[PDB]
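Data file: entry-v9.pdb. Format and content: PDB, C-alpha atoms and all ligand atoms.
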ATOM      1  CA  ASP J   1      15.402 -11.878  -3.837  1.00  0.00           C
ATOM      2  CA  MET J   2      15.984  -8.397  -2.285  1.00  0.00           C
ATOM      3  CA  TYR J   3      18.727  -7.401   0.214  1.00  0.00           C
ATOM      4  CA  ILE J   4      19.617  -4.219   2.202  1.00  0.00           C
ATOM      5  CA  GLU J   5      22.984  -2.329   2.568  1.00  0.00           C
ATOM      6  CA  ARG J   6      23.590   0.495   5.105  1.00  0.00           C
ATOM      7  CA  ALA J   7      23.998   3.903   3.306  1.00  0.00           C
ATOM      8  CA  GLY J   8      24.352   6.519   6.123  1.00  0.00           C
ATOM      9  CA  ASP J   9      23.200   7.895   9.502  1.00  0.00           C
ATOM     10  CA  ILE J  10      19.944   9.984   9.584  1.00  0.00           C
ATOM     11  CA  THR J  11      21.217  13.494  10.563  1.00  0.00           C
ATOM     12  CA  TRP J  12      20.279  17.136   9.850  1.00  0.00           C
ATOM     13  CA  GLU J  13      23.345  18.676   8.096  1.00  0.00           C
ATOM     14  CA  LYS J  14      24.133  22.457   8.252  1.00  0.00           C
ATOM     15  CA  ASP J  15      24.801  24.186   4.878  1.00  0.00           C
ATOM     16  CA  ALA J  16      23.243  21.397   2.772  1.00  0.00           C
ATOM     17  CA  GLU J  17      22.578  22.593  -0.824  1.00  0.00           C
ATOM     18  CA  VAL J  18      19.190  24.479  -0.514  1.00  0.00           C
ATOM     19  CA  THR J  19      16.868  24.028  -3.578  1.00  0.00           C
ATOM     20  CA  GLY J  20      13.470  23.152  -5.127  1.00  0.00           C
ATOM     21  CA  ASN J  21      10.260  25.257  -4.912  1.00  0.00           C
ATOM     22  CA  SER J  22       6.919  24.866  -2.971  1.00  0.00           C
ATOM     23  CA  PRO J  23       4.025  24.127  -5.392  1.00  0.00           C
ATOM     24  CA  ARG J  24       0.390  23.946  -3.993  1.00  0.00           C
ATOM     25  CA  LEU J  25      -1.384  21.218  -6.064  1.00  0.00           C
ATOM     26  CA  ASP J  26      -4.954  19.811  -6.176  1.00  0.00           C
ATOM     27  CA  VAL J  27      -4.535  15.990  -6.281  1.00  0.00           C
ATOM     28  CA  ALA J  28      -6.740  12.883  -5.944  1.00  0.00           C
ATOM     29  CA  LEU J  29      -5.600   9.553  -4.446  1.00  0.00           C
ATOM     30  CA  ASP J  30      -7.124   6.340  -5.964  1.00  0.00           C
ATOM     31  CA  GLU J  31      -7.392   2.938  -4.186  1.00  0.00           C
ATOM     32  CA  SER J  32      -4.129   1.773  -5.910  1.00  0.00           C
ATOM     33  CA  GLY J  33      -2.141   4.549  -4.026  1.00  0.00           C
ATOM     34  CA  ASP J  34      -1.765   6.586  -7.311  1.00  0.00           C
ATOM     35  CA  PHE J  35      -1.906  10.414  -6.920  1.00  0.00           C
ATOM     36  CA  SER J  36      -3.431  12.399  -9.872  1.00  0.00           C
ATOM     37  CA  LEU J  37      -3.759  16.147 -10.758  1.00  0.00           C
ATOM     38  CA  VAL J  38      -7.377  17.422 -10.389  1.00  0.00           C
ATOM     39  CA  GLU J  39      -7.712  20.477 -12.727  1.00  0.00           C
TER      40      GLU J  39
ATOM     41  CA  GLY K   1      21.520  -9.241  10.129  1.00  0.00           C
ATOM     42  CA  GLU K   2      22.609  -5.540  10.571  1.00  0.00           C
ATOM     43  CA  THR K   3      19.872  -3.761  12.650  1.00  0.00           C
ATOM     44  CA  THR K   4      21.766  -0.467  13.313  1.00  0.00           C
ATOM     45  CA  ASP K   5      19.455   2.606  13.073  1.00  0.00           C
ATOM     46  CA  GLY K   6      19.858   4.592   9.823  1.00  0.00           C
ATOM     47  CA  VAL K   7      19.191   4.579   6.081  1.00  0.00           C
ATOM     48  CA  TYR K   8      19.679   1.545   3.770  1.00  0.00           C
ATOM     49  CA  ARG K   9      19.595   0.740   0.032  1.00  0.00           C
ATOM     50  CA  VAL K  10      17.150  -1.904  -1.230  1.00  0.00           C
ATOM     51  CA  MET K  11      18.946  -4.053  -3.885  1.00  0.00           C
ATOM     52  CA  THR K  12      17.914  -7.014  -6.106  1.00  0.00           C
ATOM     53  CA  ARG K  13      20.193  -9.369  -8.148  1.00  0.00           C
ATOM     54  CA  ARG K  14      17.228 -11.034  -9.987  1.00  0.00           C
ATOM     55  CA  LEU K  15      17.981  -8.504 -12.827  1.00  0.00           C
ATOM     56  CA  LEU K  16      21.176  -7.586 -14.788  1.00  0.00           C
ATOM     57  CA  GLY K  17      24.032  -6.812 -12.322  1.00  0.00           C
ATOM     58  CA  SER K  18      22.798  -5.592  -8.869  1.00  0.00           C
ATOM     59  CA  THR K  19      19.994  -2.932  -9.127  1.00  0.00           C
ATOM     60  CA  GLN K  20      18.861  -0.450  -6.409  1.00  0.00           C
ATOM     61  CA  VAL K  21      14.995  -0.643  -6.476  1.00  0.00           C
ATOM     62  CA  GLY K  22      14.633   1.692  -3.448  1.00  0.00           C
ATOM     63  CA  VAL K  23      15.636   2.903   0.053  1.00  0.00           C
ATOM     64  CA  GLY K  24      14.474   2.470   3.686  1.00  0.00           C
ATOM     65  CA  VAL K  25      14.869   3.533   7.336  1.00  0.00           C
ATOM     66  CA  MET K  26      15.828   1.288  10.265  1.00  0.00           C
ATOM     67  CA  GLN K  27      14.576   2.606  13.659  1.00  0.00           C
ATOM     68  CA  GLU K  28      13.821   0.675  16.894  1.00  0.00           C
ATOM     69  CA  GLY K  29      14.569  -2.669  15.118  1.00  0.00           C
ATOM     70  CA  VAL K  30      11.898  -2.023  12.362  1.00  0.00           C
ATOM     71  CA  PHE K  31      12.655  -1.455   8.649  1.00  0.00           C
ATOM     72  CA  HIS K  32      10.397   1.163   6.934  1.00  0.00           C
ATOM     73  CA  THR K  33       9.986   1.499   3.142  1.00  0.00           C
ATOM     74  CA  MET K  34       7.322   2.126   0.440  1.00  0.00           C
ATOM     75  CA  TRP K  35       5.059  -0.765  -0.774  1.00  0.00           C
ATOM     76  CA  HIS K  36       5.867  -0.171  -4.520  1.00  0.00           C
ATOM     77  CA  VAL K  37       9.605  -0.851  -3.660  1.00  0.00           C
ATOM     78  CA  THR K  38       9.363  -4.465  -2.240  1.00  0.00           C
ATOM     79  CA  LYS K  39       5.710  -5.355  -3.091  1.00  0.00           C
ATOM     80  CA  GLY K  40       5.588  -6.912   0.440  1.00  0.00           C
ATOM     81  CA  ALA K  41       8.400  -9.434  -0.413  1.00  0.00           C
ATOM     82  CA  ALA K  42      10.736 -10.739   2.343  1.00  0.00           C
ATOM     83  CA  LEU K  43      14.214  -9.076   2.472  1.00  0.00           C
ATOM     84  CA  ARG K  44      17.737 -10.264   3.345  1.00  0.00           C
ATOM     85  CA  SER K  45      20.131  -8.430   5.724  1.00  0.00           C
ATOM     86  CA  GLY K  46      23.405 -10.382   5.208  1.00  0.00           C
ATOM     87  CA  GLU K  47      22.182 -13.860   6.326  1.00  0.00           C
ATOM     88  CA  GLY K  48      19.297 -12.559   8.535  1.00  0.00           C
ATOM     89  CA  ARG K  49      15.820 -12.515   6.885  1.00  0.00           C
ATOM     90  CA  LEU K  50      13.336  -9.583   7.376  1.00  0.00           C
ATOM     91  CA  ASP K  51       9.612 -10.530   7.183  1.00  0.00           C
ATOM     92  CA  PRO K  52       6.804  -8.016   6.406  1.00  0.00           C
ATOM     93  CA  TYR K  53       4.726  -7.100   9.507  1.00  0.00           C
ATOM     94  CA  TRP K  54       2.352  -4.314   8.266  1.00  0.00           C
ATOM     95  CA  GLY K  55       1.603  -2.808   4.840  1.00  0.00           C
ATOM     96  CA  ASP K  56      -1.074  -0.784   2.984  1.00  0.00           C
ATOM     97  CA  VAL K  57      -0.994  -0.394  -0.874  1.00  0.00           C
ATOM     98  CA  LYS K  58      -3.041   2.877  -0.615  1.00  0.00           C
ATOM     99  CA  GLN K  59      -0.678   4.604   1.939  1.00  0.00           C
ATOM    100  CA  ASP K  60       2.125   2.926  -0.236  1.00  0.00           C
ATOM    101  CA  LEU K  61       4.015   1.941   3.029  1.00  0.00           C
ATOM    102  CA  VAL K  62       5.306  -1.359   4.535  1.00  0.00           C
ATOM    103  CA  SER K  63       7.145  -2.173   7.822  1.00  0.00           C
ATOM    104  CA  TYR K  64       9.432  -5.248   8.507  1.00  0.00           C
ATOM    105  CA  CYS K  65       9.996  -7.057  11.927  1.00  0.00           C
ATOM    106  CA  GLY K  66       7.488  -4.822  13.757  1.00  0.00           C
ATOM    107  CA  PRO K  67       4.845  -2.088  13.588  1.00  0.00           C
ATOM    108  CA  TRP K  68       5.421   1.362  11.910  1.00  0.00           C
ATOM    109  CA  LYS K  69       7.596   3.416  14.372  1.00  0.00           C
ATOM    110  CA  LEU K  70       8.001   6.878  12.699  1.00  0.00           C
ATOM    111  CA  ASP K  71       5.384   9.418  13.981  1.00  0.00           C
ATOM    112  CA  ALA K  72       7.035  12.876  13.509  1.00  0.00           C
ATOM    113  CA  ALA K  73       5.134  15.339  11.216  1.00  0.00           C
ATOM    114  CA  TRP K  74       6.054  18.413   9.039  1.00  0.00           C
ATOM    115  CA  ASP K  75       5.121  21.472  11.217  1.00  0.00           C
ATOM    116  CA  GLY K  76       3.650  23.266   8.127  1.00  0.00           C
ATOM    117  CA  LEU K  77       6.280  26.103   8.151  1.00  0.00           C
ATOM    118  CA  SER K  78       9.963  24.970   8.220  1.00  0.00           C
ATOM    119  CA  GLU K  79      12.459  23.868   5.541  1.00  0.00           C
ATOM    120  CA  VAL K  80      13.073  20.054   5.669  1.00  0.00           C
ATOM    121  CA  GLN K  81      15.877  17.774   4.294  1.00  0.00           C
ATOM    122  CA  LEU K  82      15.541  14.910   1.796  1.00  0.00           C
ATOM    123  CA  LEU K  83      18.334  12.418   2.610  1.00  0.00           C
ATOM    124  CA  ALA K  84      18.506  11.273  -1.061  1.00  0.00           C
ATOM    125  CA  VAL K  85      20.195   7.868  -1.606  1.00  0.00           C
ATOM    126  CA  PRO K  86      20.291   7.634  -5.424  1.00  0.00           C
ATOM    127  CA  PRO K  87      21.406   4.455  -7.245  1.00  0.00           C
ATOM    128  CA  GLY K  88      25.230   4.043  -7.391  1.00  0.00           C
ATOM    129  CA  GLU K  89      25.777   7.443  -5.631  1.00  0.00           C
ATOM    130  CA  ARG K  90      26.523   8.531  -2.007  1.00  0.00           C
ATOM    131  CA  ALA K  91      23.845   9.750   0.451  1.00  0.00           C
ATOM    132  CA  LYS K  92      23.225  13.529   0.216  1.00  0.00           C
ATOM    133  CA  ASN K  93      21.000  15.967   2.220  1.00  0.00           C
ATOM    134  CA  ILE K  94      18.923  18.446   0.060  1.00  0.00           C
ATOM    135  CA  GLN K  95      17.218  21.316   1.981  1.00  0.00           C
ATOM    136  CA  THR K  96      13.798  22.532   0.631  1.00  0.00           C
ATOM    137  CA  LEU K  97      10.562  24.184   1.774  1.00  0.00           C
ATOM    138  CA  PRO K  98       7.810  21.671   0.979  1.00  0.00           C
ATOM    139  CA  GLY K  99       4.731  22.586  -1.090  1.00  0.00           C
ATOM    140  CA  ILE K 100       1.247  21.013  -0.615  1.00  0.00           C
ATOM    141  CA  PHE K 101      -0.985  18.207  -1.960  1.00  0.00           C
ATOM    142  CA  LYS K 102      -4.604  19.448  -1.452  1.00  0.00           C
ATOM    143  CA  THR K 103      -7.006  16.416  -1.397  1.00  0.00           C
ATOM    144  CA  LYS K 104     -10.664  15.888  -0.294  1.00  0.00           C
ATOM    145  CA  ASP K 105      -9.317  14.211   2.904  1.00  0.00           C
ATOM    146  CA  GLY K 106      -6.935  17.042   3.893  1.00  0.00           C
ATOM    147  CA  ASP K 107      -3.578  18.572   2.898  1.00  0.00           C
ATOM    148  CA  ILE K 108      -0.193  16.667   2.656  1.00  0.00           C
ATOM    149  CA  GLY K 109       3.376  18.088   2.517  1.00  0.00           C
ATOM    150  CA  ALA K 110       5.110  17.674  -0.859  1.00  0.00           C
ATOM    151  CA  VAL K 111       8.769  18.119  -1.992  1.00  0.00           C
ATOM    152  CA  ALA K 112       9.655  19.256  -5.573  1.00  0.00           C
ATOM    153  CA  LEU K 113      12.892  17.237  -6.130  1.00  0.00           C
ATOM    154  CA  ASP K 114      13.275  14.915  -9.157  1.00  0.00           C
ATOM    155  CA  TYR K 115      15.452  11.812  -8.425  1.00  0.00           C
ATOM    156  CA  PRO K 116      15.533   8.331 -10.026  1.00  0.00           C
ATOM    157  CA  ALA K 117      12.695   5.907  -9.068  1.00  0.00           C
ATOM    158  CA  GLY K 118      15.348   3.780  -7.222  1.00  0.00           C
ATOM    159  CA  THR K 119      15.534   6.701  -4.699  1.00  0.00           C
ATOM    160  CA  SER K 120      11.943   5.715  -3.531  1.00  0.00           C
ATOM    161  CA  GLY K 121      12.033   5.242   0.327  1.00  0.00           C
ATOM    162  CA  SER K 122      14.666   7.926   1.050  1.00  0.00           C
ATOM    163  CA  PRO K 123      13.629   9.692   4.282  1.00  0.00           C
ATOM    164  CA  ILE K 124      12.611  13.378   4.707  1.00  0.00           C
ATOM    165  CA  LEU K 125      13.821  15.035   7.999  1.00  0.00           C
ATOM    166  CA  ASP K 126      12.991  17.995  10.271  1.00  0.00           C
ATOM    167  CA  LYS K 127      15.822  20.076  11.911  1.00  0.00           C
ATOM    168  CA  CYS K 128      15.824  17.768  15.000  1.00  0.00           C
ATOM    169  CA  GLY K 129      16.736  14.859  12.597  1.00  0.00           C
ATOM    170  CA  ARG K 130      13.341  13.048  13.139  1.00  0.00           C
ATOM    171  CA  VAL K 131      11.859  11.366   9.992  1.00  0.00           C
ATOM    172  CA  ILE K 132       8.596  13.126   8.919  1.00  0.00           C
ATOM    173  CA  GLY K 133       8.072  10.610   6.091  1.00  0.00           C
ATOM    174  CA  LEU K 134       9.373   8.907   2.954  1.00  0.00           C
ATOM    175  CA  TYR K 135      10.078  10.211  -0.530  1.00  0.00           C
ATOM    176  CA  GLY K 136       8.833   8.430  -3.687  1.00  0.00           C
ATOM    177  CA  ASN K 137       5.022   8.400  -4.252  1.00  0.00           C
ATOM    178  CA  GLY K 138       4.062  11.499  -6.252  1.00  0.00           C
ATOM    179  CA  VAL K 139       2.896  13.035  -9.576  1.00  0.00           C
ATOM    180  CA  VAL K 140       4.385  14.521 -12.854  1.00  0.00           C
ATOM    181  CA  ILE K 141       3.243  18.210 -13.167  1.00  0.00           C
ATOM    182  CA  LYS K 142       2.422  20.168 -16.406  1.00  0.00           C
ATOM    183  CA  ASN K 143       6.219  20.798 -17.084  1.00  0.00           C
ATOM    184  CA  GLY K 144       7.281  17.117 -16.928  1.00  0.00           C
ATOM    185  CA  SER K 145       9.065  17.425 -13.496  1.00  0.00           C
ATOM    186  CA  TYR K 146       8.290  15.061 -10.521  1.00  0.00           C
ATOM    187  CA  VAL K 147       6.876  16.076  -7.082  1.00  0.00           C
ATOM    188  CA  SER K 148       6.666  13.563  -4.145  1.00  0.00           C
ATOM    189  CA  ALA K 149       4.323  13.418  -1.184  1.00  0.00           C
ATOM    190  CA  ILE K 150       5.814  13.467   2.248  1.00  0.00           C
ATOM    191  CA  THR K 151       4.298   9.951   3.056  1.00  0.00           C
ATOM    192  CA  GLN K 152       4.099   9.310   6.888  1.00  0.00           C
ATOM    193  CA  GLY K 153       2.460   6.261   8.587  1.00  0.00           C
ATOM    194  CA  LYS K 154       0.596   6.009  11.951  1.00  0.00           C
ATOM    195  CA  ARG K 155       2.456   4.737  15.093  1.00  0.00           C
ATOM    196  CA  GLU K 156       0.181   2.511  17.337  1.00  0.00           C
TER     197      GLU K 156
HETATM  198  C1  LIG P   1       7.319   8.750 -13.312  1.00  0.00           C
HETATM  199  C2  LIG P   1       8.214   8.864 -12.114  1.00  0.00           C
HETATM  200  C3  LIG P   1       9.364   9.700 -12.144  1.00  0.00           C
HETATM  201  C4  LIG P   1      10.170   9.801 -11.037  1.00  0.00           C
HETATM  202  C5  LIG P   1      11.408  10.666 -10.986  1.00  0.00           C
HETATM  203  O1  LIG P   1      11.630  11.437 -12.157  1.00  0.00           O
HETATM  204  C6  LIG P   1       9.817   9.051  -9.875  1.00  0.00           C
HETATM  205  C7  LIG P   1      10.578   9.083  -8.677  1.00  0.00           C
HETATM  206  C8  LIG P   1      10.200   8.350  -7.592  1.00  0.00           C
HETATM  207  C9  LIG P   1       9.055   7.539  -7.639  1.00  0.00           C
HETATM  208  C10 LIG P   1       8.294   7.466  -8.780  1.00  0.00           C
HETATM  209  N1  LIG P   1       7.135   6.689  -8.882  1.00  0.00           N
HETATM  210  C11 LIG P   1       5.989   6.968  -8.231  1.00  0.00           C
HETATM  211  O2  LIG P   1       5.827   7.997  -7.581  1.00  0.00           O
HETATM  212  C12 LIG P   1       4.916   5.893  -8.329  1.00  0.00           C
HETATM  213  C13 LIG P   1       3.548   6.533  -8.594  1.00  0.00           C
HETATM  214  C14 LIG P   1       2.421   5.524  -8.483  1.00  0.00           C
HETATM  215  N2  LIG P   1       2.455   4.881  -7.166  1.00  0.00           N
HETATM  216  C15 LIG P   1       3.699   4.124  -6.990  1.00  0.00           C
HETATM  217  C16 LIG P   1       4.892   5.056  -7.045  1.00  0.00           C
HETATM  218  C17 LIG P   1       8.651   8.239  -9.929  1.00  0.00           C
HETATM  219  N3  LIG P   1       7.877   8.155 -11.048  1.00  0.00           N
END
Rewrite the structure of this file - the entire thing - as structure tokens.
Amino acid sequence: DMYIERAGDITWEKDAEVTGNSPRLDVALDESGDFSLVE
Amino acid sequence: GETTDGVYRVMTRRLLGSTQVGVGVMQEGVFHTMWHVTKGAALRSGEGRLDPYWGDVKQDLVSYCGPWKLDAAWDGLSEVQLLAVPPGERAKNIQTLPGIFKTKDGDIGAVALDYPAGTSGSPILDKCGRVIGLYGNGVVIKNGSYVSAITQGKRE
């Protein structure tokens, strides 16, 4: 049996750690909601 | 139960100790998460009970107490923020410029940030603080690193 606990407000924060890249990927989505890499 | 707007952890005790299985957003009295987190199961907020209202396994989304409320969209240009809520750790904004999922049915925003599976449901924001979708349905690329869709539902 699952329960929920508050964790924070939803706010844009200035000078958050900036990171990750921006990859453009060819993907397929099956009927089970699973993404896959087309190649 | 607590119905204050904001972000929440999704916990279970059915396992060893208390385990964070995911995350969600409360807005306009509706709770928003990903289907693979709850599998459409009822939830508890203190003593209050939340019942599923809408859900789609293929979108991998589910709403509780009412219809899907979040309708903001990535503009296709700007940096965004993942409000990561990882298991056992405090909420944390990470700023990123999303990449792209190209599919036969159109293009989706994607964020290249690897966090634990229990972070599934953490919201992605624009600079106005509006939620443009949820983190945690994605793919493992050649390297071995994880990339998530920006998953957004329809508001009716
Ligand atoms: C293997 C892996 C690794 C990581 C982080 O390293 C994940 C992080 C969040 C969510 C995950 N799961 C999904 O995206 C599934 C895909 C199939 N549809 C249901 C959700 C992850 N899966």
query: Hey, which residues come within 6 Å of ligand LIG 1 (chain P) if we count all atoms listed in the file? Could you give them as an MDAnalysis selection string?
result: (chainID J and resid 33:34) or (chainID K and resid 36 114:117 120 136:138 146)
Report as a Markdown table the residues of chain J within 6 Å of chain K, each with its shortest atom pair and distance in Å (one decimal), using only C-alpha atoms, ordered by chain and increasing residue number.
| residue | atom | partner | partner_atom | distance |
| --- | --- | --- | --- | --- |
| J:1 | CA | K:12 | CA | 5.9 |
| J:2 | CA | K:12 | CA | 4.5 |
| J:3 | CA | K:44 | CA | 4.4 |
| J:4 | CA | K:10 | CA | 4.8 |
| J:5 | CA | K:9 | CA | 5.2 |
| J:6 | CA | K:8 | CA | 4.3 |
| J:7 | CA | K:8 | CA | 4.9 |
| J:8 | CA | K:7 | CA | 5.5 |
| J:9 | CA | K:6 | CA | 4.7 |
| J:10 | CA | K:6 | CA | 5.4 |
| J:11 | CA | K:129 | CA | 5.1 |
| J:12 | CA | K:129 | CA | 5.0 |
| J:16 | CA | K:94 | CA | 5.9 |
| J:17 | CA | K:94 | CA | 5.6 |
| J:18 | CA | K:95 | CA | 4.5 |
| J:19 | CA | K:96 | CA | 5.4 |
| J:20 | CA | K:112 | CA | 5.5 |
| J:22 | CA | K:99 | CA | 3.7 |
| J:23 | CA | K:99 | CA | 4.6 |
| J:24 | CA | K:100 | CA | 4.6 |
| J:25 | CA | K:101 | CA | 5.1 |
| J:26 | CA | K:102 | CA | 4.8 |
| J:27 | CA | K:103 | CA | 5.5 |
| J:28 | CA | K:103 | CA | 5.8 |
| J:31 | CA | K:58 | CA | 5.6 |
| J:32 | CA | K:58 | CA | 5.5 |
| J:33 | CA | K:58 | CA | 3.9 |
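Interatomic distance, CA of residue 29 (chain K) to CA of residue 118 (chain K): 23.3 Å.
One finds CA of residue 154 (chain K) at 17.9 Å from CA of residue 76 (chain K).
A straight line drawn from CA of residue 73 (chain K) to CA of residue 145 (chain K) is 25.1 Å long.
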Listed atoms of region 9-26 of chain J, axis-aligned box, 3 Å per side: centre and edge lengths to one decimal in Å, as AutoDock Vina command-line options?
--center_x 9.9 --center_y 16.6 --center_z 2.2 --size_x 35.8 --size_y 23.4 --size_z 22.7
Exercise: residue 54 (chain K) partners within 9 Å, all atoms listed in the file, chain neighbours under 2 positions left out, as a ChimeraX atom specification: /K:40,52,56,61-68
- prompt: So which residues get picked by the PyMOL selection byres (((chain K and resi 70) around 7) and not hetatm) here, written as number ranges by chain?
  reply: K: 68-69, 71-72, 131, 153, 155
